[PDB]
> 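Dumping the structure here so I can ask a few things about it.
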Protein chains: 2
Amino acid sequence: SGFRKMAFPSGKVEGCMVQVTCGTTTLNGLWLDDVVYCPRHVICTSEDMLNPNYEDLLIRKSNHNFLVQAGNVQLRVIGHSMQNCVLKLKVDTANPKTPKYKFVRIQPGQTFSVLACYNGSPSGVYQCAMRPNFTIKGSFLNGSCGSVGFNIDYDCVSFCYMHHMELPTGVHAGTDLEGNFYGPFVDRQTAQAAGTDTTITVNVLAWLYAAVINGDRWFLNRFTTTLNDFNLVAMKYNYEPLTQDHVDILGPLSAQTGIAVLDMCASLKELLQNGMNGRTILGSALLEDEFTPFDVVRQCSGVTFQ
Amino acid sequence: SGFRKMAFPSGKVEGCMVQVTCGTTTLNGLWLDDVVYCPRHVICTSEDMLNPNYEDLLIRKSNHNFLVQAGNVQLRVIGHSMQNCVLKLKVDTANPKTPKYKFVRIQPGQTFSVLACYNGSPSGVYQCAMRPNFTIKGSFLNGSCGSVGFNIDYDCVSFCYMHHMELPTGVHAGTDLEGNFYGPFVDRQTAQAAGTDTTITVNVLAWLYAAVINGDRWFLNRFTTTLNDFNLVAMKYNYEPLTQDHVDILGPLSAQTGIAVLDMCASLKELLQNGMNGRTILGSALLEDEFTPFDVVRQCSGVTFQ
């Protein structure tokens, strides 16, 4: 028993982290097959980041301007290209530690594990959710750019995130591994704001199911509700609207716990309207929304990976 | 910027997880050099766990009764011994993935990363603290026994925990890698209770320092206090007494933030006496005590590992 915010095992991703240096800027790169992926702003100076013309800046750069280092070995770069906001450097040797992998663009509300790295060296691993406003609340210091977020499916690493910027808000933005930013953000040091950050309702419901599974049943009320009345309540509290797709996704936990989804919705509505009165649920005094139903099922019956 | 409960990279530990089966019971083992370490209750039946004589039970067992499997390869066991509550099985091949490692017995209040495994396969990684009552609040399902907790110091894995039991409380107990339990717990299915679980005061102080570093300064008050008056307040709220050793340990963060330790103690005392009034600190509506000052320094200036 027990419920914890849990990240995937990170060894297969550790095997792919390298250090990319261009000019005086050093960040992290992802070395898969004979290609190293990294943020393109590796070619920027500190002054260039205020208003960068990435095409003109990249044109001043040649293959030998990019120093790629795996541990303490040096990779020879034989070509470079810019795919959206990512730089792809073709190297002479394919990574012998390349895992079976895929590039995926996750949906808002989905979760992934971030391997925070510095100078190409992994430093930590933690779980994150792509917020509805397409930011993430991470732990990223200077030099962490190029760190990646991923999911593991037994043997296959699905990379979904590469970290590019910290907004003046303190939250973080990044791209998929094809270089397309999540959200309306751009890789320049300018005033950028993420919109209203709503709460992932289906995730909170899955978390309440996990709580019930682990013995925390105090919030279970005598009420039920309708989907439309629940959404009425959800819009007042900045909760994303609940759909029948969400109900179907929650199906399995409802069958395991014997609690209909709309009864859980009524309990959540009472929680939103009257607070928690100084109590805790699964050791938290807030409603947690960074656990998908998939996460809950996986951690409540314990699936493993390669 | 940002602050997250963050675990160590787990690849070096993943390389050492094997599956140990005795009779009908299968759990996880730690394969270092030519020795596999596992909980001794691997030799117990479900009925034996109610009152086990481990010496008599182990005497009915021979080397060939222990099946050790690394991935899908089988290890030949050439000897077995019982060190306190751990079984040590000598195998014929030394683990080629053995990292530089140490066995350490951590102190209450210290933290470590747990690699939750099932059938010798790593499934997740999360950060835990050894509670003052020598339990941990983890996520452990059936088959998770033998999962290990560790710390990483650049190249060296310090193993400190092996998971043996879930108490009827729902919290978890285990041993060091020499087989000595943390706390007064024994490996039999009987009524076992952990004492009062106090809050690690120095950890909460480090967490408040981390919050100040990350821009959350609302709790900084106009008061200061004495160590003895602060402990007066701490004993009422089940906080472990603060010592001058704790003040010295907090020294560096006090120098970084410009906030004396006793002023932070006064702020924490006001928080304890008047609650949080529906506010949050670092995204939490409770006082967090699972971050050591070492964790805070590491995550606020970003040290890396091999």
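Because only heavy atoms are used, hydrogens play no part in the values below, and waters and symmetry mates are left out as well, while side chains stay in. Proteins come first, then strands; the chains are lettered A, B, ... in the order of their sequence lines, and each starts at number 1.
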> Looking at CG of B:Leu27 and CD of B:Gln19, how far apart are the two atoms once the value is rounded to the nearest 0.5 Å?
9.0 Å

> Who are the side-chain hydrogen bond (donor to acceptor under 3.5 Å, both in side chains) partners of A:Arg279, not counting sequence neighbours?
none

> Rounded to the nearest 0.5 Å, what's the gap from CG on A:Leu220 to CE on A:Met264? Could you check?
5.5 Å

> Will you find, in the side chains of A:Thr135 and A:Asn133, an N or O donor that is under 3.5 Å from an N or O acceptor?
yes

> Any side-chain heavy-atom pair from B:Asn151 and B:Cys160 closer than 4.5 angstrom?
yes

> Which residues pass the ring-ring contact (aromatic ring centres under 6.0 Å, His included) test with A:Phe112, not counting sequence neighbours?
A:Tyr161

> With a 4.5 Å limit on heavy-atom distance, are the side chains of B:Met130 and B:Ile136 in contact?
yes

> Which atoms form the tightest heavy-atom contact between B:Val13 and B:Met17, and what is the distance?
O-CE, 3.3 Å

> Would you please test B:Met162 and B:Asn28 for side chain to side chain contact (heavy atoms under 4.5 Å, CB included) and show each step?
CA-CA 10 Å; B:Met162 179 172 276; B:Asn28 308 285; over 6 Å; no

> Output all residues satisfying side-chain hydrogen bond (donor to acceptor under 3.5 Å, both in side chains) with A:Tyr182, sequence neighbours left out; order by chain, then residue number.
none

> Using the test ring-ring contact (aromatic ring centres under 6.0 Å, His included), find all partners of A:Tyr101 that sit at least two apart in sequence or belong to another chain.
A:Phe103

> Which pair of heavy atoms, one from B:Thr196 and one from B:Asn238, lies closest together, and at what distance?
CG2-ND2, 3.9 Å

> Taking only residues two or more places apart in sequence, or in another chain, which ones meet A:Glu14 in a side-chain contact (heavy atoms from CB on, under 4.5 Å)?
A:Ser10, A:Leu115, A:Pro122, B:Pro9

> Of all heavy-atom pairs between B:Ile200 and B:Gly109, which one has the smallest distance, and what is that distance?
CD1-CA, 3.7 Å

> Does CD in A:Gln273 sit with more than 12 non-hydrogen atoms of other residues, nucleotides or ligands closer than 6.0 Å?
yes

> With a cut-off of 3.5 Å and sequence neighbours excluded, list every side-chain donor-acceptor pair involving residues 293-303 of chain A.
{"unit_1": "A:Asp295", "atom_1": "OD1", "unit_2": "A:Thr111", "atom_2": "OG1", "d": "3.3"}
{"unit_1": "A:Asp295", "atom_1": "OD1", "unit_2": "A:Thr292", "atom_2": "OG1", "d": "3.1"}
{"unit_1": "A:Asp295", "atom_1": "OD1", "unit_2": "A:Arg298", "atom_2": "NH2", "d": "3.4"}
{"unit_1": "A:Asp295", "atom_1": "OD2", "unit_2": "A:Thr111", "atom_2": "OG1", "d": "2.7"}
{"unit_1": "A:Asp295", "atom_1": "OD2", "unit_2": "A:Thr292", "atom_2": "N", "d": "3.1"}
{"unit_1": "A:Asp295", "atom_1": "OD2", "unit_2": "A:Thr292", "atom_2": "OG1", "d": "3.3"}
{"unit_1": "A:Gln299", "atom_1": "OE1", "unit_2": "A:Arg4", "atom_2": "N", "d": "2.5"}
{"unit_1": "A:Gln299", "atom_1": "OE1", "unit_2": "B:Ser139", "atom_2": "OG", "d": "2.8"}
{"unit_1": "A:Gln299", "atom_1": "NE2", "unit_2": "A:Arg4", "atom_2": "O", "d": "2.7"}

> Are any non-hydrogen side-chain atoms of B:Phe134 and B:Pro108 less than 4.5 angstrom apart?
yes

> Would you check if there is a donor-acceptor pair between the side chains of A:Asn221 and A:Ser267 at a distance under 3.5 Å?
yes

> Do any N or O atoms from the side chain of B:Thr199 and from the backbone of B:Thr201 form a donor-acceptor pair under 3.5 angstrom?
no

> State whether the number of non-hydrogen atoms from other residues, nucleotides or ligands found under 6.0 Å of B:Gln189 atom CD is greater than 12.
no

> Are the side chains of A:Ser254 and A:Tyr209 in contact, using a 4.5 Å heavy-atom criterion?
yes

> For the residue pair A:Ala206 and A:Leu250, what are the closest heavy atoms and their distance?
N-CD2, 3.8 Å

> Tell me every residue that passes side-chain contact (heavy atoms from CB on, under 4.5 Å) with A:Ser123, counting only those two or more places apart in sequence or in another chain.
A:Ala116, A:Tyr118, B:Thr304

> Counting C-beta onward and ignoring hydrogens, is there a side-chain heavy-atom pair between B:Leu287 and B:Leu268 closer than 4.5 Å?
yes

> Does A:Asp155 have any side-chain contact (heavy atoms from CB on, under 4.5 Å) partners at least two apart in sequence or in another chain, and if so, which?
A:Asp153, A:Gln306

> Run the ring-ring contact (aromatic ring centres under 6.0 Å, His included) test against B:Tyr239 and tell me which residues pass, sequence neighbours left out.
none

> Would you say that A:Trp207 contacts A:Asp289 through its side chain, given a criterion of any heavy-atom pair below 4.5 Å between the two side chains?
no

> So A:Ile213 and A:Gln256, do their side chains get closer than 4.5 Å, heavy atoms only?
yes

> Answer yes if the side chains of B:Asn119 and B:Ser121 hold a donor-acceptor pair under 3.5 Å, and no otherwise.
no

> Carefully, step by step, assess B:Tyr37 and B:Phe159 under the rule side chain to side chain contact (heavy atoms under 4.5 Å, CB included).
CA-CA 11 Å; B:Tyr37 306 80; B:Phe159 295 100; over 6 Å; no

> Any chance the side chains of A:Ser1 and A:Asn214 put a donor and an acceptor closer than 3.5 Å?
yes

> For B:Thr169, give me all partners under side-chain hydrogen bond (donor to acceptor under 3.5 Å, both in side chains), at least two apart in sequence or on another chain.
none

> Give a yes or no on whether A:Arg105 atom CZ has more than 12 heavy-atom contacts from other residues, nucleotides or ligands under 6.0 Å away.
yes

> List the residues meeting ring-ring contact (aromatic ring centres under 6.0 Å, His included) with B:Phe181, not counting sequence neighbours, and say none if there are none.
B:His164

> How many angstroms lie between atom NE2 of A:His172 and atom OG of A:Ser147, to the nearest 0.5 angstrom?
10.5 Å

> Look only at the side chain of B:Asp187 and the backbone of B:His41, and say whether a donor-acceptor pair between them is shorter than 3.5 Å.
no

> Thinking salt bridges, do B:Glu290 and B:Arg131 make one under a 4.0 Å N-O criterion?
yes

> If only atom types and distance count, is the side chain of B:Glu166 paired as donor or acceptor with the main-chain N or O of B:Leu141 below 3.5 Å?
no

> Please report the closest heavy-atom contact between B:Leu286 and A:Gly283, naming both atoms and the distance.
CD1-O, 3.5 Å

> Tell me, with the steps shown, if B:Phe291 and B:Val204 meet side chain to side chain contact (heavy atoms under 4.5 Å, CB included).
CA-CA 7 Å; B:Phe291 296 102; B:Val204 174; over 6 Å; no

> Provide the closest heavy-atom pair for B:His163 versus B:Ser144 in the form atom of the first, atom of the second, distance.
CD2-OG, 3.5 Å

> Looking at side-chain heavy atoms only, is the closest gap between A:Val202 and A:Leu242 below 4.5 Å?
yes

> What's the verdict on side chain to side chain contact (heavy atoms under 4.5 Å, CB included) for A:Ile281 and A:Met276, showing C-alpha distance, side-chain angles and the deciding distance?
CA-CA 9 Å; A:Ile281 295 177; A:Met276 310 186 47; 3.9 Å; yes

> Can you list everything that forms a side-chain contact (heavy atoms from CB on, under 4.5 Å) with B:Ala7? Sequence neighbours excluded, please.
A:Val125, B:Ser113, B:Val125, B:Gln127

